[PDB]
Protein chains: 8
Amino acid sequence: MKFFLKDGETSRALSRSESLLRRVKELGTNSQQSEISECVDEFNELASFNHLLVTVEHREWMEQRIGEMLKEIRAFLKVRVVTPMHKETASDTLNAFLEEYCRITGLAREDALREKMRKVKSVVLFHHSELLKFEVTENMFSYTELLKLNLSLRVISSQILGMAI
Amino acid sequence: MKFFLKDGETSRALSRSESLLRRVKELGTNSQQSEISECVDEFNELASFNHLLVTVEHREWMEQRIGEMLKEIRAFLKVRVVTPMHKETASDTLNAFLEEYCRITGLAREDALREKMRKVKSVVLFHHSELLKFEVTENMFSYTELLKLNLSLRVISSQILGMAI
Amino acid sequence: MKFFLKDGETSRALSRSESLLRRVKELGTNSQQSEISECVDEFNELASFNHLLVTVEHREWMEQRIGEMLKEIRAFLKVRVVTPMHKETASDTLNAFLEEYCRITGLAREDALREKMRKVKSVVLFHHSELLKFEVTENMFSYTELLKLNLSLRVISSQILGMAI
Amino acid sequence: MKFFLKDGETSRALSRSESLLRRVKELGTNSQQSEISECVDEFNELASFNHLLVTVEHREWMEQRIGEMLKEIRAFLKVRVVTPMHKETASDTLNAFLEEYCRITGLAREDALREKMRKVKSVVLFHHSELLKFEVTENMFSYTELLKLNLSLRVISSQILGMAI
Amino acid sequence: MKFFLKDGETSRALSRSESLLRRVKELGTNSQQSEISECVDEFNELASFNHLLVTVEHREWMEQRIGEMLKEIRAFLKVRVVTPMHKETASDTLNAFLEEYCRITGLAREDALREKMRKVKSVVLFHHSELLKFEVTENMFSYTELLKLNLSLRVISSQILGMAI
Amino acid sequence: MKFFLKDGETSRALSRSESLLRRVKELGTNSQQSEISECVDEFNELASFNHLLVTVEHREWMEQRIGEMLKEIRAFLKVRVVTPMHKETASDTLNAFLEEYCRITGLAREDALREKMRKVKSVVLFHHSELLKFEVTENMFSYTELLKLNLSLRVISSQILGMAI
Amino acid sequence: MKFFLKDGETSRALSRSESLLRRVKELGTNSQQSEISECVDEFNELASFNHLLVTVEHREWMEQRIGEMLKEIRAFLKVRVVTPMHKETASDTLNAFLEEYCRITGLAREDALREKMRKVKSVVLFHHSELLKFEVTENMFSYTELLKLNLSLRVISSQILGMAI
Amino acid sequence: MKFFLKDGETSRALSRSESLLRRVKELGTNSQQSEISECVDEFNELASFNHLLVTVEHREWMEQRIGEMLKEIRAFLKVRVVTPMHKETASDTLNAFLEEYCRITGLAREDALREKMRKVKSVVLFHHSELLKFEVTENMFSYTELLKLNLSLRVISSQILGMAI
């Protein structure tokens, strides 16, 4: 149950993340997905290590700042991670989520259209998070509030934003 | 405090409402507001009388069906009462309600825009209800669920249905 | 269920009742039943309207004085309304109520005589109230305390006021 | 404090009261006051003796039926004792009690008239009881219920039985 | 239940007892039992009457001194009432009470001898009280404390005052 | 606080008391006070030792019959120990106690006569017990019950057994 | 039950113990067990007597310092009383207690070894106390705390002081 | 806050730990500290990873065996990890812990000697645990029970195992 971290390590990871931050600030709309995606990899490891570090420290206290930087790296990187449900309209955003949920769950549309946005979004988001190795939350889209609504997609689409089907 | 109803009266009002119902079933998308609106007047009176009749009976019990019909007339007439916030888009529906609330409350837009849809709607609706002498509820609009959202109009407009201002 | 009152209306009724009051203060022991009785009619309508008004206001509050005059008009008019149990003696007052109760309830005398004055009175009173469209209470008679006694008419008539049968 | 009764005594009194009972059953509406009144005398003595007897026995128990007959004799004799408030009408019965209370208490009429019948009666009754050496209760009158009313004589006289003053 | 006393009576009995007191002060060791005993009769009657008078007054209060004298007469007369258990020795006093209790209860001696003095005395005393129509208490004897002892007569006799049997 | 007994001891004292018992049975009314009194001495020591033995055993239990013989020796010896208040009458028994209490306490008679027998007896008995090295209880006298009475000697003497002073 | 002490006695015992104290102060590490042991004998007797003296006094109070010296003698003598479990090592101290407990209880070693030191110690100590007629407590050994441990002898010997068996 | 693990990973770590177990079973009392210590390094990393794996899984469940092996590796490796307080005697074990605690805390001996073994032990153990990156518990020493004693080191050393200072 109990584990300790190799000593050349907190600092190895502190300056390893320091220069991730440096590197992430460099990104803009045309660094390749090839770049960005390994930029995530790095972030992800450091995120892990931090969780170790935290619990170690917490455990060590009982025997009686990196994350601050990660917090920032996230904020920069958040902006360059794009899913296929990143759309130009409220309306296509919804379809994206619909079709994507159908894709993931393997459900017919008729059934997915009955599902509340809330499931559909968190089903779809967890999926892509897993897949990008980056947590992708609702406030990473401009239609955040839309994606939080507790109503079936059909109702949202017809009663909230006058769509067909 | 106590009052009695004139006796040639319940039936006078039963068959008076019977032929209202008859008449209301006749309405369609082109009877004039001039027609419809007196069709409401009548309904309104019968609604009043019924409240008397009810309270009289209730009082009489303690000394020890028309409404069913009204319920129907309502359902029919509900469909022919149009407000100026009856719109073809989700988007204009929202503007209508905004502009109308500004009009009623005399608030600037900037402030109205900060208000939750919910207030804005029931403020506006009560207003027009009073004005048409007919109760006008959210489910008298195709954008019912929209009108129920507990979010500022600004948020709805930008995050729920990508509008400008 | 919900109804609204026509707007030229509260005031139409306020000054309608104001001059009822004027008119009722003119009555005295020799205005005809013909006069008085229409005087009640008017009072009755205004009493109804008030009940609408009250409930409208109460309802309107939730979306967030006439009766005072009625109260007076009642007080004045109370004094000029006569039932057939208005009698010159305590004794005939009791008979009047007995006979009338028998009439209303269809009971034999023998049974009515066993009834407590209290029922008998409020049975009879409610009846005539209904009938005159005016509430007729016990203190509209000079034998009020008598009409309040919780004793069978037999007992009242023999033990309280030495009558035969 | 302690006293004993003379031994030829309980039985002397048992058969003394036995023949009182015999004698009292003979009375009817025309035995003279002269007769009846001695009939009370006898009853009174036997009532006393009984109270001694009772307390002696009770006392004697601690060192470890006549009254039944008296109870009857009372019942018979109760019916033949007359006060000056024994009247033919409810109405004079009330006056009788009024006037008598004024006499006993020395109050003005105006004040007595404000008193509740109940006091007035039990004031008057106790008085005459004392005076006739016989307990005189309300059900010794035909207007018993009347004498029990908890209402001022004024109210009773005007509202209950339409009298003047 | 309720009885009244004849009016020429309290005073008739006040001065009737006043001259009893007078007469009782006259007694000394040689007035005959014939004198003394009627002196008790009188006392006894006055004692009775007083109990009436008391209860009458007490009852009369609720409708809102002789005894003092008796108290004295008692004290004087107490001293002249002799029982057959009035003895010159502690020892014979005990026998007297034994033999007398055997007489009254009809018990054999052997059993009486086992009884506690206390019973034996209050049995015997009540008896003679009843018989003399005067209350005869322990402190009417010089051996009061003896008569109060809660010990069998056998024990008293042998262990308290070295008697035989 | 804690002590142990020398081992050649329980038995040394068991047969030492066995032959005391033998010796005490020999006593009769004419063994000298010189004999008897050393017979007490012995008994007293054995009594002591027993108290040790008892408490030792009791203590020893917690770390987890002689007296029966003493009980008998007492019973025999009790009968040969005589105080100066051993008298032939109830009456002289009392004086004995009186004079003896005066002697011990140094009080005047007038004061001692006021004292309750109970004090006077236990004052006097403790004294002689101390003095004879033998506990002398009330039931060692034929007037036991007398000596237990809770009354002043004066009262006992005059009211219980007709003495002078 | 009650016993008295012979009067030439408290002082006989006070100076008897006074010169015991003198004598005990003389002891050192080479007075023979022969000396010391009779020194205990004496102490023991005086301890006894004291218990008598105490209870006599306590008893005598109810009829309304030697021990201080014994307290001291104990403290001196305590230091010269040796058991066979008085050892040079923690290790042999344990064995001594083990073997001794086996001897006393007649248990096999295997079972004794499982017993908690606490029992074993207070079993063994009470035994030798009884046998030396001196209370022998844990703080009469240099390994007090060891003797107090609530652990089986096996555990103590192996885990607390690296012994074999 | 949320992180994901790289997918070629759980199995990379499962067989990585599988062959650690193989290797650890090889150790015996003569594999160098150089060997053993890197054996711990490995174990430590796998312990870390596991904590990640666990939390990921636990987190993933909410969106709705390696450790078993580590448990074993620990048990084997536990036996080959030695501290400087691993001694041949109870006695030196104590010193070792004392001196070590002085070293860690920088306290004088005099004060350390007053500290309860319990603190001293868990202070010293946490230290070396941290320093070996292996949890080192009391039952990794043959004097477990000793190390658990709630007594100052001075008392333990003098009263429990007859040491000097």
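Residues numbered from 1 in each chain as written, not as in the entry; some residues may be left out. Chains lettered and ligands numbered in written order. Heavy atoms only, no water.

We now examine the interface of chain A and chain H. Facing 22 residues of chain A, the contacting portion of chain H comprises 22 residues. The contact between chain A and chain H buries some 2200 Å² in all, and 62% of this surface belongs to carbon and sulfur atoms. Counting across the chain A and chain H interface gives two salt bridges. Two residues, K133(A) and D7(H), come together in a salt bridge whose shortest N-O distance is 3.3 Å. Where chain A meets chain H, there are five residue pairs in polar contact. Of all the elements in the fold, those that place two or more residues in the side of chain A that touches chain H are α2 (33-61) and α6 (117-132) of chain A. Broken down by element, the side of chain A that touches chain H gets its largest block of residues, nine residues, from α2(A). In terms of residue class, the side of chain A that touches chain H is made up of seven nonpolar, five polar and ten charged. (Contact = heavy atoms within 4.5 Å. Buried area = accessible area lost by both parts, 1.4 Å probe. Salt bridge = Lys/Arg side-chain N within 4 Å of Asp/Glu carboxyl O. Polar contact = N/O pair within 3.5 Å; in protein donor to acceptor, adjacent residues only side chain to side chain. Helix = DSSP H or I, 4+ residues; strand = E, 2+ residues; numbered from the N terminus. Nonpolar A, V, L, I, M, F, W, Y, C, P; charged D, E, K, R; others polar.)

Here the focus is the interface of chain A and chain B. At the interface, 14 residues of chain A touch 14 residues of chain B. Regarding the contact of chain A and chain B, the summed buried area is about 1000 Å², with carbon and sulfur atoms giving 64% of it. Together, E145(A), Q159(A) and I160(A) form the three largest contributors to the area buried by chain A at its contact with chain B, with a combined 51%. Linking chain A with chain B are zero salt bridges, by the criterion used here. Applying the counting rule to chain A against chain B returns two residue pairs in polar contact. Residue assignment for the side of chain A that touches chain B shows that the elements contributing at least two residues are α7 (144-148) and α8 (153-160) of chain A.

This next bit is on the relation of the copies chain A and chain H. Mapping chain A onto chain H is achieved by rotating through 178° and translating by 0.4 Å along the same axis, at an RMSD of 0.7 Å. Viewed as a symmetry operation, the transformation between the two copies matches a two-fold axis. The rotation axis passes nearest to the C-alpha of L52(A) in chain A, at a distance of 3.7 Å. Most of the interface of chain A is mirrored in chain H: 100% of its interface residues are interface residues there too. (Least-squares fit on C-alpha atoms.)

The next thing to look at is the packing of helix α2 (residues 33-61) of chain E against helix α3 (residues 66-77) of chain E. For any two helices packed against each other, one specifies the crossing angle of their axes together with the interaxial distance. Residue and element names in this part refer to chain E. At a minimum axis distance of 10 Å, the contact between α2 and α3 shows a crossing angle of 155°. Here α3 runs roughly antiparallel to α2, going by the angle between their axes. As for how α2 packs across α3, the hand of that crossing is left-handed. Two secondary-structure elements touch here, α2 through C39, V40, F43, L46, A47, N50 and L53 and α3 through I66, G67, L70, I73, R74 and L77. Among the residues forming the contact of α2 with α3, the class breakdown is ten nonpolar, two polar and one charged. (Axes fitted to C-alpha atoms, helices over the stretch in contact; angles between N-to-C directions. Parallel < 35°, antiparallel > 145°, perpendicular 65-115°, else oblique. Left-handed = near helix turned anticlockwise from the far one by under 90°.)

This part covers the packing of aromatic side chains. Counted by the stated rule, this structure contains 16 aromatic pairs over all chains. Centroid distance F43(A) to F134(A): 5.7 Å. Interplanar angle 50°. Geometry classified as tilted. The positively charged end of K2(F) is found above the aromatic ring belonging to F126(G), 5.7 Å away from the centroid. (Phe/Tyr/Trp six-rings, centres within 6.5 Å; stacked < 30°, edge-to-face > 60°. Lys NZ or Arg CZ within 6 Å of the ring centre and 35° of its normal.)

Attention shifts here to the relation of the copies chain A and chain B. Between chain A and chain B, which share one sequence, the superposing operator has a rotation angle of 180° and an axial displacement of 0.7 Å; the RMSD is 0.4 Å. Of all interface residues in chain A, 100% are interface residues in chain B too; the two copies therefore contact each other through one and the same surface.

Right, let's get into helix α8 (residues 153-160) of chain B. Looking only at α8(B), the buried set comprises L153(B), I156(B), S157(B) and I160(B). Viewed end-on, α8(B) has its buried residues packed into an arc of 115°, placing them on one side of the element. (Buried < 20%, exposed > 50% of the residue type's maximum accessible area, 1.4 Å probe, protein only. Arc of directions from axis to C-beta.)

The subject of this paragraph is unusual backbone geometry. One non-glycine residue with positive phi stands out, namely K133(F), at about 50°. Here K133(F) shows up in the loop between α6 (117-132) and α7 (144-148).

Since there are 3.6 residues in each turn of an α-helix, residues three or four apart along the chain are aligned in direction. The end-to-end C-alpha separation of helix α4 (residues 90-105) of chain E is 22 Å, in line with the 22 Å expected for 16 residues at 1.5 Å each. For α4(E), every residue scored as buried is listed here: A90(E), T93(E), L94(E), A96(E), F97(E), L98(E), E100(E), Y101(E) and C102(E). Those residues of α4(E) hidden inside the fold are in contact with α5 (109-112), α6 (117-132), α7 (144-148) and α8 (153-160) of chain E together with α8 (153-160) of chain F. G106(E) occupies a position one or two residues after α4(E) and carries a positive phi of about 70°. (Expected span 1.5 Å × (residues − 1).)

The next thing to look at is the arrangement of the chains. Kept free of each other, chain B and chain E leave a smallest C-alpha distance of 45 Å between them. Across the gap from chain B to chain H, with no contact made, the nearest C-alpha atoms are 25 Å apart.

In this section: the environment of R118(D). All names here are of chain D. Looking at the secondary structure, you find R118 in helix α6 (residues 117-132). The exposure class of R118 is partly exposed, given its relative accessible area of 43%. With 31 residues separating them in the primary sequence, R118 and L149 have C-alpha atoms 6.2 Å apart.

Our next topic: the pattern of salt bridges. For the structure shown, the criterion picks out 112 salt bridges over all chains. A salt bridge links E42(H) to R16(H); the nearest nitrogen and oxygen atoms lie 3.1 Å apart. Pair noted here: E42(H) is in helix α2 (residues 33-61) and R16(H) is in helix α1 (residues 10-24), with a separation of 26 residues, a long-range link. The network of salt bridges with common partners includes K2(A), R59(A), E63(A) and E130(H).

Bringing the domain arrangement of chain A into the picture now. All names here are of chain A. What the domain assignment reports for chain A is domain 1 (9-82) and domain 2 (83-165). With centres defined by C-alpha atoms, the gap from domain 1 to domain 2 works out at 28 Å. On the domain 2 side, the residues contacting the eight residues of domain 1 number eleven residues. Where domain 1 touches domain 2, the interface holds zero salt bridges. Our count for the domain 1 to domain 2 interface comes out at two residue pairs in polar contact. Those elements giving two or more residues to the side of domain 1 that touches domain 2 turn out to be α2 and α3 (66-77). (Domains from an automatic or database assignment.)

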